[PDB]
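The form deposited in one PDB entry is given below as one chain in structure tokens.
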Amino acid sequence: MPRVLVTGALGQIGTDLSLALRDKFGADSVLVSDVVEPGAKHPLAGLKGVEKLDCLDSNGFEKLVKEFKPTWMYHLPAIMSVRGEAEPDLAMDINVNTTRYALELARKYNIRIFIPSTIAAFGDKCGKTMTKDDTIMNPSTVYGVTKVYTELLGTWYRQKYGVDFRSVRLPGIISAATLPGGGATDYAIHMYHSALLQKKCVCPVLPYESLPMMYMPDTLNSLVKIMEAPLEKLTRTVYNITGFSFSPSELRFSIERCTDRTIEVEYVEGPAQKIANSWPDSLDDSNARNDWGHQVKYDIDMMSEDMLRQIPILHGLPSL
């Protein structure tokens, strides 16, 4: 049974993943860290086993790893697409340097290490329909460039030092806890909020732009399941995984089915569009399904039902 360290643990994936790990292996077997502390309304507030760690401080990062003695690490901090184009130096620092430090610690302390990649690692030469695990990688964002380096450097640590590096290329991840903002796939949560508030939604992604997506509970299952797999079953270090693909118009139809009313949406291109257009429409995740049993239990309508129930509970929006 593992002892799990999570870094950048207070963000979108880390919050839900931290809780799930605590449930499965026990709070004493999990250490949750982030450069920031949790808000008083954050789900990890007041919990034991939550610490403050700037992963750019390699000495502090090592200090924490020595003290806790993890056998597994999920290294989550990154600056993602939209922010990274505006603040590329910060993206290069965080996405390259924290990763280098993590991998050096995984070597030194014999840690099985997960670092997520992303469909943003692909660009317009990838083959946009059912994109393969091995293909041409020509990302159009600095974030994506940094994640190609993440994939290749992690794989080198495996080959050279036997570090047990594992990764998936995550699609857009949807969850109810997330505050709608300007992220590349934030149109989807904005749309759920608008529907609940019965207000006009102005969507920055074009209506028929399809992307690979996944609902959070499926994401968490896979993130645990890949780390549990015996090494001998893994034929590669980096796997595509997907939930289902959808466009904004499809998400709108889903919401209208689950609310039984019309939501008003106007499509006005924002910064997310050019980024999303350079990404695949759908992924081939057959290697993940075959090697370690990646599976998906939600479809778009199940997800919409759950979201429309969870958002009022979490954020105080009007319910259906």
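Numbers for residues come from their place in the sequence shown, where the first is 1. What we label the rigid core is the largest C-alpha set whose atoms superpose within 1.5 Å from one form to the other.
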Item checked: Of 167-175 and 217-225, the stretch whose C-alpha atoms average the higher B-factor in the entry -> 217-225
Next item on the list: Look over 301-309 and 18-26 in the entry and identify the one with the greater average Cα temperature factor.
Entry: 18-26
Checklist line | Of the residues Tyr267, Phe61, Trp279, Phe253, the one carrying the largest Cα B-factor as recorded | finding: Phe253
Next item on the list: Name the third of the chain's ranked CA B-factors that contains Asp285, choosing lowest, middle or highest.
Entry: lowest
Check: Lowest, middle or highest third of the chain for the C-alpha temperature factor of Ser194?
Finding: highest
Notebook entry, point to check: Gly183's Cα B-factor: lowest, middle or highest third of the chain?
Noted result: middle
Check: Compared with the other modelled residues in the chain, in which third is the CA B-factor of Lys200?
Finding: highest
Note to self: By the recorded C-alpha temperature factor, relative to the other modelled residues in its chain, which third is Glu151 in?
What the structure shows: lowest
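The form deposited in another entry exists for this protein as well; it is not shown, and the discussion that follows is about that form.
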Next item on the list: Would you indicate which listed residue, out of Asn221, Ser249, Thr155, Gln198, moves its Cα by 2 Å or more between the shown form and the other one relative to the superposed core?
Entry: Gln198
Note to self: Once you overlay the rigid core, does the Cα of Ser140 travel 2 Å or further between the shown form and the other one?
What the structure shows: no
Notebook entry, point to check: Fitting the rigid core first, would the Cα of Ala86 be found 2 Å or more away between the shown form and the other one?
Noted result: no
Notebook entry, point to check: Can we say the CA of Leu231 moves by at least 2 Å between the shown form and the other one when the core is superposed?
Noted result: no
